[PDB]
Every structure is written in structure tokens, then in C-alpha cells.
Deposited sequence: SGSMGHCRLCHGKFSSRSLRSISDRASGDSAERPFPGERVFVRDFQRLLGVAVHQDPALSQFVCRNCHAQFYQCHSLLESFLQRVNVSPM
């Protein structure tokens, strides 16, 4: 059960939970100003492509935010 497209997978799945490089809950919450909460109802896990596709978005939007309002060099 992938949190972001709803599909079910073998180990085509990455954990979001720790008890630093990169941390999904925080990175999601920062970029889109919206948190990701823990029920038994919900899975601890997101699929390889959905996690890949998230950080490809994170990278390019960080790059937009560095540049949008600064004069070229």
C-alpha cells in the first residue's frame, strides 16, 4: 500500500518512519504546507516511482525558488 498512488507492491516500497540525508514527512510538509499523519488505517510506505517522482519535483521547485525573484548574474 503506497501512501501517494494507492497501489500495492512487494519490495518496490520505501519506509517513511525513524525511531540526516533526506526525510519524506518533513520534505512533503515543507514543500506543500500540508502534514502526513499516523493511523493504523494508513500504511508507513510509498512506492519507488512515487518517491522518485516526489524528489524530482522537490529538486526542480527548490531550483525555481532560488531563481524566480533574483536577477541573473
Exercise for the section: Spell out the unmodelled ranges of the deposited sequence for me, N- to C-terminal, numbering from the first residue. Expected result: 1 to 5, 25 to 36
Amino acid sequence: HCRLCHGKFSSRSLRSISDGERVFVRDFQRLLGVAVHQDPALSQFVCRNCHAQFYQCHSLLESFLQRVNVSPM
From here on, numbers count along this sequence of modelled residues.
Fill in the blank from the handout: Tertile call for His37 (CA temperature factor, within chain, third-based) is the highest
Completion exercise
By the entry's values, the third containing the CA B factor of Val68 is the lowest
Problem - Chain third (lowest, middle, highest) by recorded CA B-factor, residue given as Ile17 - result: highest
